[PDB]
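# Commentary on secondary and tertiary structure
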Amino acid sequence: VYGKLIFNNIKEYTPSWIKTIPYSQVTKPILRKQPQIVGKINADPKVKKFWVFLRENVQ
Amino acid sequence: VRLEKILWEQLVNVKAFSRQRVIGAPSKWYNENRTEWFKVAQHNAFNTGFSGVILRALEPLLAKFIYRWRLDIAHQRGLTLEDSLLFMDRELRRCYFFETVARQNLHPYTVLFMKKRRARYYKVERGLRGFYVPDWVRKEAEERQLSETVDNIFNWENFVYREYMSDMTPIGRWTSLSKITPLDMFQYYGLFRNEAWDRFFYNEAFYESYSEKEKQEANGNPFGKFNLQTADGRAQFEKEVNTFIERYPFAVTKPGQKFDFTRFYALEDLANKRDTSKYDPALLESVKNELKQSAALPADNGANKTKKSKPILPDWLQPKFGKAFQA
Amino acid sequence: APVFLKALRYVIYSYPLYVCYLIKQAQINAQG
Amino acid sequence: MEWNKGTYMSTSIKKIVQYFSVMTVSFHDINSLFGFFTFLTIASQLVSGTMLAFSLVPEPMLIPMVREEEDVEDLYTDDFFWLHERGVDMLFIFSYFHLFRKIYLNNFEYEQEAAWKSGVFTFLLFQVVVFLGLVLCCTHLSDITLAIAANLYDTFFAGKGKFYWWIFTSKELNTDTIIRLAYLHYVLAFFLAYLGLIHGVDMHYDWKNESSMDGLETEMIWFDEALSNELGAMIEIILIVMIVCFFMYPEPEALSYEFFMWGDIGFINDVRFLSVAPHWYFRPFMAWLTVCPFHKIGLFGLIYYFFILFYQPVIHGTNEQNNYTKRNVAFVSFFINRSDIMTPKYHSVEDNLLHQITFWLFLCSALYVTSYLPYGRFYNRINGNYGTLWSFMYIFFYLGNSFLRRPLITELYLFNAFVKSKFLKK
Amino acid sequence: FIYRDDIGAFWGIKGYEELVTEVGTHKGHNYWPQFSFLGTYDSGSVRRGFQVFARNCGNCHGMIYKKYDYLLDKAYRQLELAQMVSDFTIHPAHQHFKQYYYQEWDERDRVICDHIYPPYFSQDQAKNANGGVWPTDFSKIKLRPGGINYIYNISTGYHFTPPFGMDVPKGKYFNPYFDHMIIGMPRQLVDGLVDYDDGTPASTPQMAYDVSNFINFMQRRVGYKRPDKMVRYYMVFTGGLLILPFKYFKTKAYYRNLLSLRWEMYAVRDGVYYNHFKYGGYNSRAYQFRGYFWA
Amino acid sequence: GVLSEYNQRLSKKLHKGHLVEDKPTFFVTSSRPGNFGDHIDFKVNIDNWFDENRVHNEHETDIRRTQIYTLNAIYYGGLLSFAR
Ligand SMILES: CCCCCCCCCCCCCCCCCC(=O)OC[C@H](COP(=O)([O-])OCC(O)COP(=O)([O-])OC[C@@H](COC(=O)CCCCCCCCCCCCCCCCC)OC(=O)CCCCCCCCCCCCCCCCC)OC(=O)CCCCCCCCCCCCCCCCC
Ligand SMILES: CCCCCCCCCCCCCCCCCC(=O)OC[C@H](COP(=O)([O-])OCC(O)COP(=O)([O-])OC[C@@H](COC(=O)CCCCCCCCCCCCCCCCC)OC(=O)CCCCCCCCCCCCCCCCC)OC(=O)CCCCCCCCCCCCCCCCC
Ligand SMILES: CCCCCCCCCCCCCCCCCC(=O)OC[C@H](COP(=O)([O-])OCC[N+](C)(C)C)OC(=O)CCCCCCCCCCCCCCCCC
Ligand SMILES: CCCCCCCCCCCCCCCCCC(=O)OC[C@H](COP(=O)([O-])OCC[N+](C)(C)C)OC(=O)CCCCCCCCCCCCCCCCC
Ligand SMILES: COC1=C(OC)C(=O)C(C/C=C(\C)CC/C=C(\C)CC/C=C(/C)CC/C=C(/C)CC/C=C(/C)CC/C=C(\C)CC/C=C(\C)CCC=C(C)C)=C(C)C1=O
Ligand SMILES: CCCCCCCC/C=C/CCCCCCCC(=O)OC[C@H](COP(=O)(O)OCCN)OC(=O)CCCCCCC/C=C/CCCCCCCC
Ligand SMILES: CCCCCCCC/C=C\CCCCCCCC(=O)OC[C@H](COP(=O)(O)OCCN)OC(=O)CCCCCCC/C=C\CCCCCCCC
Ligand code: HEC
Ligand code: HEM
Ligand code: HEM
């Protein structure tokens, strides 16, 4: 879809005629912690303690 | 034994039947371009004879279930016909001959983009089946028409023939595989091939070939010898082109728009000796500039380059800063 | 184009129809 | 043997262990796993079958009584016999589904040859093994199967001599024949595992989930990521088959093809010829035999089916010549004005409707051929079922003719469109 | 694919157009406890069936493959079965494989370990004593039309009369369920023939039902082992259904998790050339291509 | 609740059942090698599953790892029961 076939006569890996987007368009990261997606059962501190116990005693 | 002078050769292959072997100048194997053969065969099949009549009657079905079917499937995945017709899936996946040709000649991008276009869709398809490409990708997919894709296909096929397929000479061969299976072990290649038995020598003249008249006819107007210098001929050509445009939604024009016949007539007149002032100067200038740009080969400008890395050993692998007078 | 290869193709296409013809004749004979 | 250049992969134990612990599998679906289901089932046949080896005494006059007494006194013997019997059917189903899947994908190209032939050979051997197994049942079905096999074998020699005696002693199931056939059955069953291992090693060269080439480079690790999925898919297919069998096969049934297995050789000398029927997997071959009463033509039909199934890559796929091969034609030569034709290229799968139509016609014809028994008591006397005849003819044509699987018009029309579009847009 | 019922072949299975095959299975539903859902053999039914088979049948038929001790855990106990079977005798000529184990030179009372042999020494003696037709061996008799229903139908279906054009030879009887509807067995079941130990009324339908149940109990795939295997199939199917979600988690959701990738293609315009693409790459099967292809 | 997930998820903006971006998106890494230039105009990603496919539990990751191990253990236990 891009265009004509280009052979190895083009030395550069990225030909000049291609388009490079500016820095404005590129989306920026959201460098903040977001709320955890956790269900009711696993949000129970007792269940968390059970998970830790299983991890550090049998796993 | 000599295959020539065998009993069959002595009896049947004789001057009386015009079956004699004629020795001429040595010539390369694969002397006929496959693309040219297909073009001439297509013209003979579709635009001549009862076969032409039948294939013209069935044209709506072929367009519906072959062209539009493929185009719809490709658009669903954000791909164009170029993604399948230019390089077959098999060639992109595993074929070694195409791999060698691409490595020796092609630029990495030509195949990199082809693979990444499918990677886009398939990364999601494998995760969740039934993926439909959104409109923003579909639009850029639909931007490219079939004219440029066929230009690329013809260029690639002609290049492959002229460079590599024109530099081959097949030989009698056994099973290439090293399998101990007797079925595969005793496979015999070289017989039951028409090329093997038609000509025993590289000097023998080629008996069968499309006549120059057939080639010239195939190079004529694809829509059936319309007179572009007459009003009735122009009207017939226009109706034929309009029905073709309707049949092929994304071949030469977007489905919404319509074909511009004045520019095409200007192109044809400029290509041929015929010329006059009946064409607007702006139209002539635009046509000439577009014709120049279409065949122009893109070239690198050598600008907007990134710094070349010159790595140096880390500090902990280098001598410490302090140094005094030894002795 | 070779005579024997062309003949091989013709017999490949035709032999199934020849066997169908033989089967039909056998059915007619078995009918009585 | 300088003509032999070596082997693809050395089957040393360490090399096999490393290859399988490092092998990666691209993301796939259930349809592209039948091959594994074909192997795992074999891995059970070697086990279950072995448990039957310690039970069966090759004496024809004791096999039925021994089986019946071991069903009661011994435990799990009848369970393993049932497992073996149903494993044969499941193996046939999986192998034929795998064959159809690989035919649909146009896996006849040169890079597929090692994968294809190495597979088909195994399939061929599998058939032979199955045949031997039947003879071990010592039922009237085994008697008929052995008689037919001996007749076909003798047809090669034109009925002169006794070249069949070394294995088919007297063309009857006796102690010698049963012993030899049972031991050969065991040996070839265990050889099938090695053949399947070789095929599996070879096929990985160009293994793909679908015809369309996804540009994915990352892959799963076979040992657990792909193995777990394969085992789960096997479980799912077993569940589906059990559900189907529950409705289709109620235990008390008015009639069944298994009733012909009532007779035990030696105990009953009277064979009910009116109701003769094999197991469904060998049903199509006997149906072909009854459809074509001629012995030589029927034998040639069976041999042609198997061998043409073996040589698909050579006949249909691309080779040394990059689609420049000259295919012979019958009628289109006049239309194109050319004695031969260049092999067409755009033989895609997913977007090609002609390929799908032809392949599904072929598959439906095979299913119809396997559907029922022609019942040759008056099948030929009456005008025979035209469906079986047409399906057999189409099976023969599809396997051997490139115009059904690589039609010319697909690329001719595309080139017509290309020329028209380029002319319009220059 | 679509079959015809008026032909006389069930589901398209030819070869049984000269007898009734769909009486109690397809066109009728005769209830049998064993084949019912979560069904099991009725111990009383099999007990009565063995009692009938040991007083009317057996004197003509037998099961060479089977032996009495099959009935130890369901129908009879060891001492009771021994008492019942001690009333019969086996000569050393009966044994299919006399072997060195059987060291008798005369008749002796049977034991539960003895195979079920008829009073005759061989098939030919039975044919001679039964008008030249051999009473079929009930072992493996499951492979008859209607399955367990077969024994029940023939035992009962004697009331109908032959149509015109069919001649019943002397010593033969008309039974529509038998091959060609002519059977050499005279009607055996008559009301009051057998006095049961449990006091059950003795009528020909009840006796036929008990005999059919007993005859089916001795089969291998069907019979005393089928119900437990059916329960086992149910259990395994339940296990597969319950394991499907964990397979989904371990395979498909996992693949979807692995496919959550981010890709970024940048413009690298350093002077370095792409030599590795131009001069690189390997093929495992190169030895199969070298000297053979593309030259 | 147990079934609340289905009810809450029903209110989603997804293209024909697939969660995809509504416009082209391009992501760059500031820690890339210097010889890399700007992002190519090619839209490599159609979907943003890298961010969407997240349970924001960077803390407490080991608990999720143990959960995954437990699910694998259940699957393997069923298979091993059949093998037994
Ligand atoms: C007029 C009479 C007509 C009779 C007709 C009927 C009988 C016909 C067959 C007769 C016997 C020949 C069989 C040939 C092979 C099978 C057929 C075929 O086309 O091959 C398919 C298949 C094609 O392979 P491929 O696709 O090319 O893949 C790569 C190759 O396999 C490359 O392989 P590789 O180089 O990696 O070597 C592999 C080799 C590694 O080698 C070694 O490490 C040692 C090799 C030397 C062993 C020395 C000891 C000899 C005694 C023990 C033999 C054990 C192995 C089995 C040998 C085969 C025969 C039993 O083996 C293994 O890795 C392990 C093997 C697996 C173990 C279990 C095997 C059981 C076989 C039982 C069936 C036998 C075939 C019956 C076929 C019937 C028709 C369908 O070939 C094999 O599977 C080869 C198997 C190994 C053969 C070893 C050498 C055999 C030499 C035979 C000499 C002539 C003997 C004549 C008398 C026979 C009396 C019985
Ligand atoms: C009511 C419904 C009943 C249904 C019954 C079921 C059967 C009927 C057909 C069912 C549907 C089709 C199933 C099979 C095909 C599936 C699709 C497919 O593969 O197509 C792609 C395939 C593409 O082929 P290709 O890629 O061009 O071939 C490459 C080469 O040409 C290489 O190919 P080639 O050039 O070599 O020729 C290929 C093909 C022919 O195909 C072609 O025509 C090739 C070109 C196809 C492209 C399009 C061409 C368009 C122009 C053709 C015009 C032909 C004239 C007809 C004009 C009609 C309009 C006026 O020829 C053959 O393979 C068979 C020839 C056998 C010769 C037998 C001679 C034996 C002589 C010796 C006998 C010895 C024994 C007896 C001795 C007795 C002594 C007394 O085309 C076909 O298969 C053609 C058929 C298209 C679909 C069927 C159309 C209907 C035809 C039958 C109508 C019957 C009506 C009955 C009415 C009854 C009322 C009561
Ligand atoms: C399978 C049984 C094998 C039996 C082997 C017994 C040996 C027989 C030969 C004895 C000596 C007589 C030799 C005569 C001269 C032969 C010369 C010749 O042709 O050279 C060959 C050449 C010779 O080897 P070479 O070319 O390396 O020789 C180099 C020169 N010398 C020997 C001097 C160093 O090699 C071949 O082509 C070998 C062909 C072997 C074919 C084996 C086919 C077996 C098929 C079995 C059945 C398959 C069933 C498949 C499954 C079916 C399922 C339905
Ligand atoms: C509104 C209603 C909604 C509900 C609709 C429900 C529809 C459900 C549909 C489910 C799928 C149905 C399956 C369709 C196909 C049935 C096929 C069939 O009849 O199979 C019967 C058999 C069933 O066994 P069977 O023994 O019961 O056979 C049928 C029995 N009679 C005849 C009585 C009807 O199918 C199988 O088990 C086969 C499965 C694997 C087949 C693999 C292909 C083999 C092909 C070999 C070809 C060999 C060619 C070479 C020969 C040599 C010469 C050329
Ligand atoms: C390349 O592509 C391919 C694939 O991908 C699609 C495939 O899937 C495939 C298919 C793959 C296959 C069929 C392979 C899968 C095989 C299967 C499922 C069956 C075999 C599986 C096995 C695990 C075999 C194990 C064999 C054994 C002998 C070990 C037995 C197992 C266990 C757990 C016991 C281990 C322990 C012991 C032996 C020791 C026990 C005793 C002691 C400790 C006591 C010792 C002390 C004293 C005193 C005795 C192929 C071939 C392929 O090519
Ligand atoms: C154990 C052995 C048992 C007996 C085996 C007997 C085998 C008998 C084989 C008979 C073959 C009959 C056909 C031969 C035709 C040969 C014709 C020929 O060479 O003439 C050339 C002519 C070409 O000329 P034209 O193109 O027409 O001229 C162009 C002019 N501008 O050739 C052809 O067309 C032939 C093409 C097909 C050839 C097929 C050959 C098949 C060979 C198979 C293998 C045979 C092996 C036999 C020994 C086996 C031992 C185990
Ligand atoms: C429906 C058929 C199957 C489908 C086929 C579709 C594709 C067709 C492609 C074209 C195939 C062309 C094949 C042409 C020949 C076919 C011959 C054939 O099949 O046999 C038929 C034909 C006649 O058969 P009938 O049963 O009489 O039929 C009734 C006639 N009124 O058979 C023959 O005549 C064949 C004779 C061949 C004899 C060859 C010589 C054999 C001599 C003995 C050899 C012993 C070798 C021993 C080797 C020992 C080594 C240690
Ligand atoms: C001797 C008087 C017999 C008694 C007592 C019983 N049967 Fe019999 N049976 C006898 C003969 C000679 C035959 C063969 C008839 C023929 O035409 O071949 C039979 C056959 C049967 C059959 C059918 C066998 C078959 O292969 O289809 C059945 C189902 C059968 N007999 C059942 C049966 C029962 C239940 C009996 C006790 C009530 C019984 N038979 C007693 C001779 C004699
Ligand atoms: C006993 C019979 C067979 C067994 C045990 C078997 C086994 C396998 C296995 C395990 C695989 C890899 C998993 C997968 O299928 O995706 C495979 C792939 C494959 N098999 Fe088989 N198979 C058998 C028959 C066949 C047949 C009949 C053919 C062809 C007619 C064949 C050709 C192939 C091909 C082409 C592939 C994939 C290679 C590719 O995609 O290029 N096999 N087989
Ligand atoms: C792929 C491998 C195998 C296949 C395809 C196969 C196939 C068969 C078939 C079709 C039958 C008869 C079917 C029936 O009864 O309806 C059978 C039975 C039998 N098989 Fe196998 N088999 C295989 C492996 C084995 C092995 C390895 C052994 C022994 C080591 C074995 C031993 C037996 C025995 C003894 C019988 C008969 C049992 C009896 O009659 O009681 N099988 N097999």
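Residues numbered from 1 in each chain as written, not as in the entry; some residues may be left out. Chains lettered and ligands numbered in written order. Part of a larger assembly, values for the part shown. Heavy atoms only, no water.

Going by the header, the method for this PDB entry is cryo-EM, and the resolution given is 2.8 Å.

This paragraph deals with the overall build of chain A. Of the regular secondary structure elements, chain A holds two helices and zero strands. Taking 59 residues into account, the globule formula puts the C-alpha radius of gyration at 10 Å, and chain A, at 26 Å, lies well above it. Overall, chain A is about 65 × 30 × 20 Å in size when its C-alpha atoms are taken along their principal axes. Taking all 59 residues of chain A together, the buried fraction comes to 24%. (Helix = DSSP H or I, 4+ residues; strand = E, 2+ residues; numbered from the N terminus. Rg over C-alpha atoms; globule rule 2.2 N^0.38 Å. Buried < 20%, exposed > 50% of the residue type's maximum accessible area, 1.4 Å probe, protein only.)

All names here are of chain D. Bound to the iron atom of ligand 10 on the protein side are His84 (NE2) and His185 (NE2), at distances that span 2.0 to 2.6 Å. Metal-centred angles of 77 to 179° between the six donor atoms at the iron atom of ligand 10 mark the site as octahedral. With a gap of 101 residues between them, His84 in helix α4 (residues 77-104) and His185 in helix α7 (residues 175-203) connect regions that are remote in the sequence. According to the relative accessible area criterion, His84 is buried, its value standing at 18%. Overall, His185 belongs to the buried group, its relative accessible area being 11%. (Donors = N, O, S within 2.8 Å, 3.2 Å for Na, K, Ca; no water. Tetrahedral: all angles 85-135°; square planar, octahedral: opposite > 155°, others 65-115°.)

Within the element layout of this structure, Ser212(D) appears in the loop between α7 and β2 (220-221). Classification of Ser212(D) by relative accessible area gives buried; the value is 13%. For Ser212(D), the contacting residues outside a window of four places in its chain are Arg77(B), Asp89(B), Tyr122(B) and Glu350(D). (Contact = heavy atoms within 4.5 Å.)

We now examine helix α5 (residues 113-135) of chain D. Helix length check: α5(D) (23 residues) gives 34 Å between terminal C-alpha atoms against 33 Å at 1.5 Å per residue, within 8%. Counting buried positions over the 23 residues of α5(D) gives 21, a clear majority of the element. (Expected span 1.5 Å × (residues − 1).)

Moving on, we come to the interface of chain B and chain D. Counting residues at the interface gives 87 residues for chain B and 78 residues for chain D. With both chains or domains summed, chain B and chain D bury close to 8200 Å², and 61% of this area falls on carbon and sulfur atoms. Inspection of the chain B/chain D interface yields 10 salt bridges. A salt bridge links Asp29(D) to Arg129(B); the shortest N-O distance between them is 3.8 Å. Applying the counting criterion to the chain B and chain D interface returns 29 residue pairs in polar contact. Here the side of chain B that touches chain D is composed, by residue class, of 48 nonpolar, 14 polar and 25 charged. (Buried area = accessible area lost by both parts, 1.4 Å probe. Salt bridge = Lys/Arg side-chain N within 4 Å of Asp/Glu carboxyl O. Polar contact = N/O pair within 3.5 Å; in protein donor to acceptor, adjacent residues only side chain to side chain. Nonpolar A, V, L, I, M, F, W, Y, C, P; charged D, E, K, R; others polar.)

Here we take up the site of ligand 8. Residue and element names in this part refer to chain E. Around ligand 8, a shell composed of 21 residues is seen, among which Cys57, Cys60, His61, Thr136 and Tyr150 lie nearest. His61 is positioned with one of its side-chain polar atoms (N or O) 2.8 Å from a nitrogen atom of ligand 8. A distance of 3.1 Å separates an oxygen atom of ligand 8 from a polar backbone atom of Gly184. By residue number, the principal contributor to the shell around ligand 8 is helix α4 (residues 149-156), which donates three residues. (Near = heavy atom within 4 Å.)

In terms of nonpolar packing, the biggest core is built from 83 residues, with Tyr67(B), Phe97(B), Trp156(B), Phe237(B) and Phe418(D) touching the most fellow members. With 10 residues, the single largest contributor to this core is helix α10 (residues 146-165) of chain B. Once you skip the residues sitting within four places of it in the chain, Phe237(B) turns out to touch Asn221(B), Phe223(B), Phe226(B), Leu228(B), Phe261(B), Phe264(B), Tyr265(B), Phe423(D) and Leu424(D). (Core = buried A, V, L, I, M, F, W, Y, C linked by side-chain atoms within 4.5 Å.)

Every contact between the two is made by 70 residues of chain E and, on the other side, 69 residues of chain D. Taking both partners together, chain E and chain D bury about 6600 Å²; carbon and sulfur atoms supply 62% of that area. It is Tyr65(E), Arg221(E) and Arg285(E) that lose the most area in chain E upon contact with chain D, and together they represent 11% of the buried surface on that side. Along the contact surface separating chain E from chain D lie 15 salt bridges. Between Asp264(D) and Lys140(E) there is a salt bridge whose closest N-O contact spans 2.4 Å. When residues of the side of chain E that touches chain D are assigned to their parent elements, the largest contribution, 15 residues, is made by helix α6 (residues 226-258) of chain E. The residue makeup of the side of chain E that touches chain D, split by class, is 33 nonpolar, 17 polar and 20 charged.

Turning next to the arrangement of the chains. In this assembly, 11 pairs of chains are in contact, and the pair with the greatest number of contacts comprises chains B and D. A minimum C-alpha distance of 20 Å separates chain C and chain E, which share no contact. One finds no contact between chain C and chain F; the C-alpha atoms of the two approach each other to within 49 Å at their closest.

Another point: the packing of aromatic side chains. Counted by the stated rule, this structure contains 123 aromatic pairs over all chains. Where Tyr13(A) meets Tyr109(B), the ring centres are 5.0 Å apart and the plane angle is 80°; that geometry is what we call edge-to-face. Taken together, the residues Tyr13(A) in the segment before α1 (40-43) and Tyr109(B) in helix α8 (residues 108-127) connect one chain to another. Take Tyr109(B): its relative accessible area is 2%, and that puts it in the buried class. Over the face of the ring belonging to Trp263(E) we find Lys123(B), whose NZ or CZ atom lies 4.4 Å from the ring centre. (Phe/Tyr/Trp six-rings, centres within 6.5 Å; stacked < 30°, edge-to-face > 60°. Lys NZ or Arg CZ within 6 Å of the ring centre and 35° of its normal.)

Among protein residues, the single donor to the iron atom of ligand 8 is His61(E) (NE2), with a metal-donor distance of 2.0 Å. Turning to its location among the elements, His61(E) is positioned in the loop between α1 (43-53) and β1 (63-67).

Moving on, we get to the environment of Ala193(D). Residues and elements named next belong to chain D. Structurally, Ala193 can be placed in helix α7. Between the alpha carbons of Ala193 and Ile341 there is a distance of 43 Å; along the sequence they are 148 residues apart. Other than its neighbours up to four places away in sequence, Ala193 contacts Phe39 and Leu46.

What follows is about the pattern of salt bridges. Oppositely charged side chains can form a pair if their charged atoms are brought close together. One pass over the structure, following the stated rule, counts 59 salt bridges over all chains. As a salt-bridge pair, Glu59(B) and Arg247(B) come within 3.7 Å of each other at their nearest N and O atoms. Here the residue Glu59(B) occupies a position in helix α4 (residues 59-76), and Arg247(B) occupies one in helix α14 (residues 231-247), the gap between them amounting to 188 residues. Each member of the salt-bridge network shares a partner with another, and the members are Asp78(D), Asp79(D), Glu85(D), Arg86(D), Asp89(D), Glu258(D), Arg221(E), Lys229(E) and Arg232(E).

The environment of ligand 1 is formed by 14 residues, the closest being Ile180(B), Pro182(B), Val187(D), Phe191(D) and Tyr194(D). Taken together, the residues near ligand 1 originate from chains B and D. In the model, an oxygen atom of ligand 1 is placed 2.7 Å from a nitrogen or oxygen of the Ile180(B) main chain. Measuring from an oxygen atom of ligand 1, one finds a side-chain N or O atom of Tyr194(D) at 3.2 Å. With the chains in place, 34% of the 1700 Å² that ligand 1 exposes on its own is no longer accessible. (Areas by Shrake-Rupley, 256 points an atom, 1.4 Å probe, with all protein chains shown as cover.)

Take the packing of α1(E) against helix α5 (residues 204-217) of chain E next. A packed helix pair is summarised by two numbers, namely the angle formed by the two axes and the spacing between the axes. All names here are of chain E. Running from amino to carboxyl end, α1 crosses α5 at an angle of 100°, the nearest separation of the two axes being 7 Å. Classified by the interaxial angle, the pair formed by α1 and α5 is roughly perpendicular. Contacts from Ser45, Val46, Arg48, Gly49, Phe50, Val52 and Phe53 of α1 reach α5 at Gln206, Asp210, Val211, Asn213, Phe214, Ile215 and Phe217. In the contact of α1 with α5, the residues fall into eight nonpolar, four polar and two charged. (Axes fitted to C-alpha atoms, helices over the stretch in contact; angles between N-to-C directions. Parallel < 35°, antiparallel > 145°, perpendicular 65-115°, else oblique.)

Our focus in this paragraph is the packing of helix α3 (residues 49-57) of chain B against α4(B). Residues and elements named next belong to chain B. Between α3 and α4, the least distance of the axes is 4 Å, while the angle of their chain directions is 55°. Regarding the angle of α3 to α4, the classification is oblique. Two secondary-structure elements touch here, α3 through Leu55, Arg56 and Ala57 and α4 through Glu59, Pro60 and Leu62. Its residues assigned to classes, the contact of α3 with α4 shows four nonpolar, no polar and two charged.

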